[PDB]
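Each protein sequence line maps, in turn, to chains K, J and C.
Position one of the first sequence corresponds to residue 19 (the entry's author numbering), numbered consecutively onward.
Position one of the second sequence corresponds to residue 19 (the entry's author numbering), numbered consecutively onward.
Position one of the third sequence corresponds to residue 19 (the entry's author numbering), numbered consecutively onward.
Built from N, CA and C at the ideal position, the CB exists for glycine as well.
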Amino acid sequence: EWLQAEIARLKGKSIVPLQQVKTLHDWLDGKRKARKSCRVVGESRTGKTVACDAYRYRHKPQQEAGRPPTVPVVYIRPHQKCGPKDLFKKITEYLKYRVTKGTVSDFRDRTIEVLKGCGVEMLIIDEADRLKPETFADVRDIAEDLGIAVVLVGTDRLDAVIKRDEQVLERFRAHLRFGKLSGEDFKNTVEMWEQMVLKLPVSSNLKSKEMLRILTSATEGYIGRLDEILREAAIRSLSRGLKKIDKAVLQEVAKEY
Amino acid sequence: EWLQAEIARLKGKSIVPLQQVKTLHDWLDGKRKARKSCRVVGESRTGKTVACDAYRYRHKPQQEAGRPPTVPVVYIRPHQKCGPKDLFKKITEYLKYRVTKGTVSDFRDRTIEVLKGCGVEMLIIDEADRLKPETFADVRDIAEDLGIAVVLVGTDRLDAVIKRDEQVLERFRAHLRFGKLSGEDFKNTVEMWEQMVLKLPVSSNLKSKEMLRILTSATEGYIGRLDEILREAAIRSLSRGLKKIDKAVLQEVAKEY
Amino acid sequence: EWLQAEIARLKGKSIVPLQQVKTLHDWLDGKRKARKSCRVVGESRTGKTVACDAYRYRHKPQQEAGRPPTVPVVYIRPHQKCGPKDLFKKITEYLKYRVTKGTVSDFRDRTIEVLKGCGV
DNA sequence: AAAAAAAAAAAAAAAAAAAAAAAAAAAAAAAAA
DNA sequence: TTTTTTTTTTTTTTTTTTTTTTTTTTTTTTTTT
Ligand SMILES: Nc1ncnc2c1ncn2[C@@H]1O[C@H](COP(=O)(O)OP(=O)(O)O)[C@@H](O)[C@H]1O
Ligand SMILES: Nc1ncnc2c1ncn2[C@@H]1O[C@H](COP(=O)(O)OP(=O)(O)O)[C@@H](O)[C@H]1O
Ligand SMILES: Nc1ncnc2c1ncn2[C@@H]1O[C@H](COP(=O)(O)OP(=O)(O)O)[C@@H](O)[C@H]1O
């Protein structure tokens, strides 16, 4: 069944180029060449993790000689209430280096060693709100001991937590802020996203004022909502024999959430 | 004594089908196939818990091969003031895997491991109100990390707690409601209940208005209350040498409860 | 330099099929089907190590099922004076499972678990 | 001058981070036959 | 040419101390029209 193949294909995830993504990539590349630490602030379901992650694929570490890998960008997602030891362990795990059983001071020394051996000019920390207040001192300690840029990606809680300590705030003053979709930006994004993700036999008439209206009402500018809504509508539309997404199907999916 | 066997039958619990149960089962099957998080909210004594139990029994784990048995659906019942560590322990023990000792980080790692190895399509959490606010920060983390359709089940209090965090509410936007029985639905439920759950030999027509008024006034549309009343009336009537429910016995029971 | 490229090729390692190796492979397949323990005794500098490694390459890990790797054949090289802890740990690490730091009893149970989950 | 449900100032429950002894058991090995 | 005693050498297994949050329950609300 061809429909089965399309269902399986849609149930996946794909990357669709966007302007804000390119802006973030260029800004972060500038910071990486300057070795200047910074932070990034945005709302949930805006796709900032996808931008931080898509950037790292381009700069994947490649080593041809017998010497160990030289990695320029390392990327870790801390768990809830991640402490100092837990964070160091993740840095070591990402570099495919054997964790040494021992104490926290041993973890600190080992982390400095593995980071000194490789490049690791830029470190992208996601979900920085979850980071425990005790650990930020270690983060900036690393940023000062070695010339490595540190990027703290978080929401408004990141702002709130950072502004409580003077040194951390001084270290991470420069920043980039994400926005939401609206107007022509939103319409162009919907058109581009459907052309990039949907290969349905017939057009969905997305440009129509009414479809844009209901998608705006259900989306509110959050790409993390538009992607899910349109993918579910597509799977359901194809499942009922409709090659294209239809107005009633859109209304149904929007009503469920 | 034949009456003793009948009494044993009446005291033991049984499961019957209802419109709400079938609706929930179809809805949850959809959510499980699409790997989407959702929640179930309704009043107490409406029987939604038994619906979850029946759904689990339908999807029995299958282990044809010598490898780890497939476990499609997981169902956990947290106790009062439940934390993250105990939640992880319950998930681990439900899958017949030993619980290694150590800090919470090890518990998170072990839980992710055992959930990856088995199928673990959808995870259902009964009486979700008992969980602490901090436990949701890990439930949602699992939902984002792996393709599991986490399902929260509880009362109206659940929404009041979920609204405290923007991200938790953003994750769960779909829901199904359970509610009271009334009118023709209530009358049909009573008539069906007399035939299946009760083991009385003759008569006991609860369709009539006189008995319906009693059961309606005492029950208030809650299915669990109805079950209690009918079983007790039948047992007491059998003890009194009666083979059919009589209005006087029905009246006597409800004023004690 | 072309000559240096040829030299770099000659300094490499190659594998050549011999009747000795094929005999060992057929024998090992028989023993695996029979699920019977056995042993191979052979002199030094005979290449039996390479033959066993090639056998391992014949059957690659089968990830075709959705949850575990289901690797049917494992191959470990113990160090000198290999203790029980190091043995269990090598077996565990070969299957991409983290080491549950503890006592040798914990390593024993953990190794049994990962050996049951995988084909082995 | 008489009446008011809402911020500060106080007790239990979990959770995590580090030395510091003590004994057993074995394995080799040098001297002595 | 093996045996006794030494000698070392791993190897393994077990007790005490401190700090930081979260959450909930009374008294105060003086301040306010
Ligand atoms: N550039 C993109 N292309 C395609 N899908 C995207 C993109 N950005 C975000 N998404 C959708 O949004 C989700 C990722 O958003 P998320 O990483 O949760 O945002 P954040 O982590 O910044 O809160 C994915 O499920 C994906 O489908
Ligand atoms: N389909 C059913 N068949 C038999 N008994 C039921 C059914 N649904 C509910 N009940 C009765 O109602 C009670 C169910 O309440 P419960 O499952 O605890 O719901 P809740 O969790 O909302 O309180 C049980 O005691 C059971 O006897
Ligand atoms: N079938 C073979 N193909 C290629 N080289 C071989 C083969 N058999 C032996 N060799 C050579 O012999 C060496 C392998 O010997 P080795 O594995 O050390 O034997 P063992 O360890 O059993 O003494 C390699 O350096 C390799 O070049």
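ask   = Which residues, in order along the stretch 199-221 of chain J, keep a beta-carbon less than 8 Å from a beta-carbon of chain K?
value = Within the stretch 199-221 of chain J, no residue has a Cβ that lies closer than 8 Å to any Cβ of chain K.
Given 8 Å, three or more beta-carbon pairs between the stretch 100-113 of chain J and the stretch 127-136 of chain J = Touching, yes.
inquiry  = At a threshold of 6 Å, does K:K31 count as lining ligand 1 (C-beta to nearest heavy atom)?
reply    = Yes - ligand 1 has a heavy atom lying nearer than 6 Å to the Cβ of K:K31.
message = For J:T67 and J:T153, what's the separation of their Cα atoms in angstroms?
response = Whole-angstrom Cα-Cα distance: 21 Å.
ask   = Looking at the C-beta of J:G135, does it have a partner C-beta in chain C at a distance below 7 Å?
value = Answer yes: the Cβ-Cβ gap between J:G135 and chain C drops below 7 Å somewhere.
request  = Look up K:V92 in the DSSP assignment and say whether it is helix, strand or coil.
outcome  = K:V92 sits in a strand when the DSSP states are folded into three classes.
Cβ neighbours of K:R175 in the same chain (closer than 6 Å, five flanking residues each side left out) = When the five nearest sequence neighbours on each side are left out, the beta carbons in the same chain lying within less than 6 Å of the beta carbon of K:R175 are those of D147, in order along the chain.
inquiry  = Let me check understanding here. Comparing Cα to Cα, which of K:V169, K:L233, K:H97, K:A26 lies closest to K:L268?
reply    = The candidate whose alpha carbon is nearest that of K:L268 is K:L233.
message = Does the distance between the C-beta of C:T64 and the nearest non-hydrogen atom of ligand 3 fall short of 6 Å?
response = For ligand 3, at least one heavy atom lies less than 6 Å from the Cβ of C:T64.
request  = Use the C-beta contact count for J:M140: other C-beta atoms within 10 angstroms, 16 or more gives buried, fewer gives exposed.
outcome  = With 16 or more other Cβ atoms within 10 Å, it is buried.
request  = Pull out every residue of the stretch 105-119 of chain J whose Cβ sits closer than 9 Å to any Cβ of chain C, in chain order.
outcome  = Answer in chain order: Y115, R116, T118, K119.
ask   = Does the distance from the C-beta atom of J:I94 to that of J:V138 stay below 7 Å?
value = Going by C-beta atoms, J:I94 is not nearer than 7 Å to J:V138.
key: Alpha-carbon to alpha-carbon, J:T118 and C:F125   = Approximately 11 Å between the Cα atoms of the pair.
key: Near-chain J residues of the stretch 58-84 of chain K - C-beta to any C-beta below 7 Å   = Within the stretch 58-84 of chain K, the qualifying residues are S62, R63.
message = For J:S55, would you say it is in contact with chain K, using Cβ-to-Cβ distances shorter than 7 Å as the test?
response = Not an interface residue.
inquiry  = Distance check for J:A192 and J:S222, CA to CA, integer angstroms please.
reply    = In a straight line, the C-alpha of J:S222 is about 42 Å away from that of J:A192.
query = When burial is assigned at 16 or more other CB atoms within 10 Å of the CB, is K:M210 buried or exposed?
reply = Flag for K:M210 reads exposed.
query = J:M210 bridges to which residues according to DSSP?
reply = Answer is none; J:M210 lacks a bridge partner.
request  = Identify the continuous beta strand (DSSP E) that holds K:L170 and give its terminal residues.
outcome  = 167-172 is the span of the beta strand (DSSP E), which, as asked, contains K:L170.
task = Drop a sphere of 10 angstroms on the beta-carbon of K:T207, count the other beta-carbons inside from all chains shown, and report buried for 16 or more, exposed for fewer.
result = Taking every protein chain shown into account, the CB of K:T207 has 16 or more other CB atoms within 10 angstroms, so this residue is buried.
ask   = For ligand 2, is there a heavy atom less than 6 Å away from the beta-carbon of J:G197?
value = Ligand 2 has no heavy atom closer than 6 Å to the beta-carbon of J:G197.
message = Extract the residue ranges of the alpha helix (DSSP H) inside the stretch 171-245 of chain J, only unbroken runs of 4 or more that lie entirely within it.
response = Uninterrupted alpha helix (DSSP H) stretches at least 4 residues long and entirely within the stretch 171-245 of chain J occur at 174-180, 184-189, 201-214, 227-237, given in chain order.
request  = Counting only the same chain and skipping the five closest in sequence on each side, list residues whose C-beta sits under 6 Å from that of K:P219.
outcome  = So the qualifying residues of the chain are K261.
message = By alpha-carbon positions, which one of K:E82, K:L244, K:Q81, K:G201 ends up nearest to K:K227?
response = When each option's Cα is compared against that of K:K227, the closest is K:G201.
query = C:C100: buried (16+ other C-beta within 10 angstroms of its C-beta) or exposed?
reply = By the 10 Å Cβ count, C:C100 comes out exposed.
request  = Could you check if J:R231 is buried or exposed, using at least 16 other CB atoms within 10 Å of its CB as the buried criterion?
outcome  = Around the CB of J:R231, fewer than 16 other CB atoms lie within 10 Å, so the residue is classed as exposed.
Between the CA atoms of J:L164 and J:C136 - distance to the nearest angstrom = Each residue's Cα considered, the two are about 12 Å apart.
query = If you run the structure through DSSP and keep just helix, strand and coil, what is K:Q37?
reply = Correct three-state label for K:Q37: helix.
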